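Chemist: Take a look at target-v3.csv, CSV, C-alpha atoms:
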chain,number,residue,atom,x,y,z
A,2,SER,CA,1.5,21.4,5.5
A,3,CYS,CA,1.2,19.8,2.1
A,4,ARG,CA,-1.2,20.5,-0.9
A,5,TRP,CA,-1.4,16.7,-1.5
A,6,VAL,CA,-2.3,15.7,2.2
A,7,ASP,CA,-4.9,18.5,2.4
A,8,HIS,CA,-6.5,18.4,-1.1
A,9,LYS,CA,-5.7,15.1,-2.9
A,10,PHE,CA,-4.9,12.2,-0.6
A,11,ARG,CA,-8.5,11.4,0.7
A,12,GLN,CA,-9.9,11.4,-2.9
A,13,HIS,CA,-7.1,9.0,-4.1
A,14,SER,CA,-7.7,6.8,-1.0
A,15,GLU,CA,-11.4,6.6,-1.7
A,16,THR,CA,-10.7,5.7,-5.4
A,17,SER,CA,-8.0,3.1,-4.5
A,18,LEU,CA,-10.5,1.4,-2.0
A,19,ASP,CA,-13.4,1.5,-4.6
A,20,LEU,CA,-11.1,-0.3,-7.1
A,21,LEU,CA,-10.1,-2.9,-4.5
A,22,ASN,CA,-13.9,-3.4,-3.8
A,23,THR,CA,-14.5,-4.0,-7.6
A,24,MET,CA,-11.6,-6.5,-7.4
A,25,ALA,CA,-13.2,-8.2,-4.3
A,26,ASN,CA,-16.6,-8.7,-6.0
A,27,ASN,CA,-14.9,-11.3,-8.3
A,28,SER,CA,-14.2,-13.6,-5.2
A,40,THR,CA,-1.3,-15.6,6.0
A,41,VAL,CA,1.4,-13.2,7.5
A,42,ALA,CA,0.7,-11.2,10.7
A,43,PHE,CA,-0.3,-7.5,10.0
A,44,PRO,CA,2.8,-5.4,11.0
A,45,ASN,CA,1.0,-3.5,13.8
A,46,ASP,CA,4.4,-2.9,15.6
A,47,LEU,CA,5.7,-1.0,12.5
A,48,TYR,CA,2.5,1.1,12.2
A,49,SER,CA,2.6,1.7,16.0
A,50,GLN,CA,6.2,3.2,15.7
A,51,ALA,CA,5.1,5.3,12.6
A,52,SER,CA,2.0,6.5,14.6
A,53,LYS,CA,4.2,8.2,17.3
A,54,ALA,CA,7.0,9.2,14.8
A,55,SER,CA,7.6,12.8,13.4
A,56,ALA,CA,5.4,14.0,10.5
A,57,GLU,CA,8.3,13.5,8.1
A,58,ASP,CA,8.9,9.9,9.5
A,59,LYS,CA,5.1,9.2,9.2
A,60,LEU,CA,5.1,10.3,5.5
A,61,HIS,CA,8.3,8.3,4.8
A,62,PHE,CA,6.7,5.2,6.2
A,63,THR,CA,3.4,5.8,4.3
A,64,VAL,CA,5.2,6.3,1.0
A,65,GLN,CA,7.0,2.9,1.5
A,66,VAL,CA,3.7,1.1,2.3
A,67,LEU,CA,2.2,2.4,-0.9
A,68,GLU,CA,5.3,1.5,-3.1
A,69,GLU,CA,5.6,-1.9,-1.5
A,70,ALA,CA,1.9,-2.6,-2.1
A,71,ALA,CA,2.2,-1.4,-5.8
A,72,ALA,CA,5.4,-3.6,-6.2
A,73,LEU,CA,3.4,-6.8,-5.4
A,74,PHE,CA,1.7,-6.4,-8.8
A,75,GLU,CA,5.0,-7.0,-10.5
A,76,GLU,CA,4.3,-10.6,-9.5
A,77,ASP,CA,2.3,-12.9,-11.8
A,78,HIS,CA,-1.4,-12.0,-11.3
A,79,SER,CA,-2.6,-13.8,-14.5
A,80,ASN,CA,-4.6,-16.3,-12.3
A,81,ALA,CA,-6.3,-13.5,-10.2
A,82,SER,CA,-10.1,-13.2,-10.6
A,83,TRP,CA,-9.8,-9.5,-11.5
A,84,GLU,CA,-9.7,-7.7,-14.9
A,85,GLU,CA,-6.3,-6.4,-15.9
A,86,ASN,CA,-7.8,-2.9,-16.6
A,87,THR,CA,-8.9,-2.8,-12.9
A,88,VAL,CA,-5.4,-3.7,-11.7
A,89,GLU,CA,-3.8,-1.1,-14.0
A,90,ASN,CA,-6.2,1.6,-12.6
A,91,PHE,CA,-5.6,0.5,-9.0
A,92,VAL,CA,-1.8,0.5,-9.3
A,93,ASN,CA,-1.8,3.8,-11.2
A,94,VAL,CA,-3.8,5.5,-8.3
A,95,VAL,CA,-1.5,4.0,-5.6
A,96,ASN,CA,1.6,5.2,-7.7
A,97,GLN,CA,-0.1,8.7,-7.8
A,98,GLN,CA,-0.7,8.6,-4.1
A,99,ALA,CA,3.0,7.6,-3.4
A,100,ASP,CA,4.3,10.4,-5.7
A,101,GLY,CA,1.8,12.8,-4.1
A,102,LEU,CA,3.0,12.2,-0.5
A,103,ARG,CA,6.7,12.2,-1.6
A,104,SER,CA,6.0,15.9,-2.7
A,105,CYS,CA,5.4,16.8,1.0
A,106,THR,CA,9.1,16.8,1.7
A,107,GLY,CA,12.3,18.0,-0.1
A,108,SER,CA,13.7,16.0,-3.1
A,109,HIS,CA,17.1,15.6,-1.2
A,110,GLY,CA,17.4,13.4,1.9
A,111,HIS,CA,19.2,10.4,3.6
A,112,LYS,CA,16.4,8.5,5.4
A,113,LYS,CA,16.7,4.7,5.5
A,114,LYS,CA,14.2,2.3,4.0
A,115,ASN,CA,12.3,0.5,6.7
A,116,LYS,CA,14.0,-3.0,6.6
A,117,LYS,CA,11.3,-4.8,8.7
A,118,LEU,CA,8.6,-3.4,6.5
A,119,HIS,CA,10.5,-4.5,3.3
A,120,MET,CA,11.0,-8.0,4.9
A,121,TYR,CA,7.2,-8.2,5.7
A,122,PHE,CA,6.3,-7.4,2.1
A,123,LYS,CA,8.9,-10.0,0.9
A,124,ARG,CA,7.2,-12.6,3.3
A,125,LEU,CA,3.7,-11.8,1.6
A,126,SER,CA,5.6,-12.5,-1.8
A,127,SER,CA,7.2,-15.8,-0.6
A,128,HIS,CA,4.8,-17.3,2.0
A,129,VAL,CA,1.4,-16.3,0.3
A,130,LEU,CA,2.0,-15.8,-3.4
A,131,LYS,CA,5.0,-18.1,-4.1
A,132,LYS,CA,3.8,-21.0,-1.7
A,133,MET,CA,0.3,-20.9,-3.3
A,134,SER,CA,1.6,-20.7,-6.9
A,135,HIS,CA,0.1,-17.2,-7.4
A,136,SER,CA,-3.5,-18.7,-7.4
A,137,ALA,CA,-6.7,-16.6,-7.4
A,138,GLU,CA,-7.0,-17.6,-3.7
A,139,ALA,CA,-3.4,-16.3,-3.0
A,140,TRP,CA,-4.3,-13.0,-4.7
A,141,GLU,CA,-7.5,-12.6,-2.8
A,142,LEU,CA,-5.5,-13.0,0.5
A,143,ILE,CA,-3.1,-10.3,-0.8
A,144,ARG,CA,-6.0,-8.0,-1.8
A,145,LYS,CA,-7.4,-8.2,1.8
A,146,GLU,CA,-4.0,-7.3,3.3
A,147,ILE,CA,-3.5,-4.5,0.8
A,148,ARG,CA,-6.9,-3.0,1.7
A,149,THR,CA,-5.9,-3.0,5.4
A,150,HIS,CA,-2.6,-1.2,4.6
A,151,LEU,CA,-4.5,1.4,2.6
A,152,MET,CA,-7.0,1.9,5.5
A,153,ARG,CA,-4.1,2.2,8.0
A,154,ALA,CA,-2.1,4.5,5.7
A,155,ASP,CA,-5.2,6.8,5.4
A,156,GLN,CA,-5.3,6.8,9.3
A,157,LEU,CA,-1.6,7.8,9.5
A,158,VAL,CA,-2.0,10.6,6.9
A,159,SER,CA,-5.3,11.9,8.4
A,160,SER,CA,-3.4,12.5,11.7
A,161,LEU,CA,-1.4,15.2,9.8
A,162,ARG,CA,-4.5,17.1,8.3
Written as structure tokens, how would this file's structure read?
Modeler:
Amino acid sequence: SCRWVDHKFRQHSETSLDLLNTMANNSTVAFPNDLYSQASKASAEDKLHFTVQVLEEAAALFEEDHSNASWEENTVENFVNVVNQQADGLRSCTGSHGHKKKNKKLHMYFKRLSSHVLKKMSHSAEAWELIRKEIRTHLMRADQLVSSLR
């Protein structure tokens, strides 16, 4: 049982989703259900490890050029800051020392959003709207995984 899961995660999720909604008002690759299915029936620690990776992968997409996105930069800054806070918060639910592997298939999936949506579509406003929709789904499914541990 973790301060962050019990007192902070829901409020950060709601804020992160409000910011994506603000982004969406200015306007693919199969959702990785098999990876979420495995996380769903995994240990609490393995569910947290998975969820931290989802959040950090989602934040890492905004290292890509989003100059052509329909959003304000301040909104992107606020959204990535909240996601970064959420990741750090869930990381705090386990010990600082460990050996767990990064999920390779999840990493490959986020690389395929980078290559097959953003890079193929030259980082267009339309490409970023597709990424926004997928990120929102990740955040909703992440909130489901965390809520199972309350």
Chemist: Kindly give the distance, in Å, that separates CA of residue 150 (chain A) and CA of residue 133 (chain A), rounded to a single decimal.
Modeler: 21.4 Å
Chemist: Could you check which of A:94, A:110, A:116, A:139 is closest to residue 19 (chain A), using all atoms listed in the file?
Modeler: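 Of A:94, A:110, A:116, A:139, the one nearest residue 19 (chain A), counting all atoms listed in the file, is A:94.
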Chemist: Between A:118, A:158, A:41, A:6, which one has atoms that come closest to residue 68 (chain A), using all atoms listed in the file?
Modeler: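 The shortest atom-to-atom distance to residue 68 (chain A) comes from A:118.
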Chemist: May I ask for the distance between CA of residue 42 (chain A) and CA of residue 119 (chain A), given in Å to one decimal place?
Modeler: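 Value for the CA of residue 42 (chain A)-CA of residue 119 (chain A) distance: 14.0 Å.
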Chemist: Find the spatial neighbours of region 73-75 of chain A, counting only C-alpha atoms, within a cut-off of 12 Å - ignore same-chain residues fewer than 3 positions away - and output them as a PyMOL selection string.
Modeler: chain A and resi 66-70+78-79+81+85+87-93+95-96+119+121-127+129-131+135+139-140+143-144+146-147
Chemist: Convert the current residue selection to file output with C-alpha atoms, as an mmCIF file, in the coordinates of the input.
Modeler:
data_model
loop_
_atom_site.group_PDB
_atom_site.id
_atom_site.type_symbol
_atom_site.label_atom_id
_atom_site.label_comp_id
_atom_site.auth_asym_id
_atom_site.auth_seq_id
_atom_site.Cartn_x
_atom_site.Cartn_y
_atom_site.Cartn_z
ATOM 1 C CA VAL A 66 3.700 1.100 2.300
ATOM 2 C CA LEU A 67 2.200 2.400 -0.900
ATOM 3 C CA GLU A 68 5.300 1.500 -3.100
ATOM 4 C CA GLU A 69 5.600 -1.900 -1.500
ATOM 5 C CA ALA A 70 1.900 -2.600 -2.100
ATOM 6 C CA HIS A 78 -1.400 -12.000 -11.300
ATOM 7 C CA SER A 79 -2.600 -13.800 -14.500
ATOM 8 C CA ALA A 81 -6.300 -13.500 -10.200
ATOM 9 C CA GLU A 85 -6.300 -6.400 -15.900
ATOM 10 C CA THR A 87 -8.900 -2.800 -12.900
ATOM 11 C CA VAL A 88 -5.400 -3.700 -11.700
ATOM 12 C CA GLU A 89 -3.800 -1.100 -14.000
ATOM 13 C CA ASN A 90 -6.200 1.600 -12.600
ATOM 14 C CA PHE A 91 -5.600 0.500 -9.000
ATOM 15 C CA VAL A 92 -1.800 0.500 -9.300
ATOM 16 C CA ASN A 93 -1.800 3.800 -11.200
ATOM 17 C CA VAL A 95 -1.500 4.000 -5.600
ATOM 18 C CA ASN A 96 1.600 5.200 -7.700
ATOM 19 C CA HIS A 119 10.500 -4.500 3.300
ATOM 20 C CA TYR A 121 7.200 -8.200 5.700
ATOM 21 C CA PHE A 122 6.300 -7.400 2.100
ATOM 22 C CA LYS A 123 8.900 -10.000 0.900
ATOM 23 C CA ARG A 124 7.200 -12.600 3.300
ATOM 24 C CA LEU A 125 3.700 -11.800 1.600
ATOM 25 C CA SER A 126 5.600 -12.500 -1.800
ATOM 26 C CA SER A 127 7.200 -15.800 -0.600
ATOM 27 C CA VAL A 129 1.400 -16.300 0.300
ATOM 28 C CA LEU A 130 2.000 -15.800 -3.400
ATOM 29 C CA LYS A 131 5.000 -18.100 -4.100
ATOM 30 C CA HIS A 135 0.100 -17.200 -7.400
ATOM 31 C CA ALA A 139 -3.400 -16.300 -3.000
ATOM 32 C CA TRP A 140 -4.300 -13.000 -4.700
ATOM 33 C CA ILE A 143 -3.100 -10.300 -0.800
ATOM 34 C CA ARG A 144 -6.000 -8.000 -1.800
ATOM 35 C CA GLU A 146 -4.000 -7.300 3.300
ATOM 36 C CA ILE A 147 -3.500 -4.500 0.800
#
Chemist: With only C-alpha atoms as the counted atoms, please give the residues lying no more than 12 Å from residue 111 (chain A), apart from itself and same-chain residues fewer than 3 positions off, as number ranges by chain.
Modeler: A: 58, 61, 107-108, 114
Chemist: Compare A:57, A:7, A:84, A:76 by their minimum atom-to-atom distance to residue 20 (chain A), counting only C-alpha atoms, and give me the closest one.
Modeler: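 Result for the nearest residue to residue 20 (chain A): A:84.
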Chemist: Quick one: pull the distance between CA of residue 9 (chain A) and CA of residue 98 (chain A), Å, one decimal.
Modeler: 8.3 Å
Chemist: Counting only C-alpha atoms, which residue out of A:149, A:11, A:47, A:99 sits closest to residue 72 (chain A)?
Modeler: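 Nearest candidate to residue 72 (chain A) out of A:149, A:11, A:47, A:99: A:99.
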Chemist: Anything within 8 Å of (9.6, 5.8, 5.9): list those residues as a list in words, counting only C-alpha atoms and sticking to the file's coordinates.
Modeler: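 I get residues 58, 59, 60, 61, 62, 63, 64, 65, 112, 113, 114 and 115 of chain A for the residues within 8 Å of that point.
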Chemist: Hey, which of A:40, A:55, A:97, A:17 ends up closest to residue 5 (chain A)? Count only C-alpha atoms.
Modeler: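 Distance minimum relative to residue 5 (chain A) lands on A:97.
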Chemist: Which one is closest to residue 4 (chain A): A:18, A:105, A:137, A:161? Count only C-alpha atoms.
Modeler: A:105
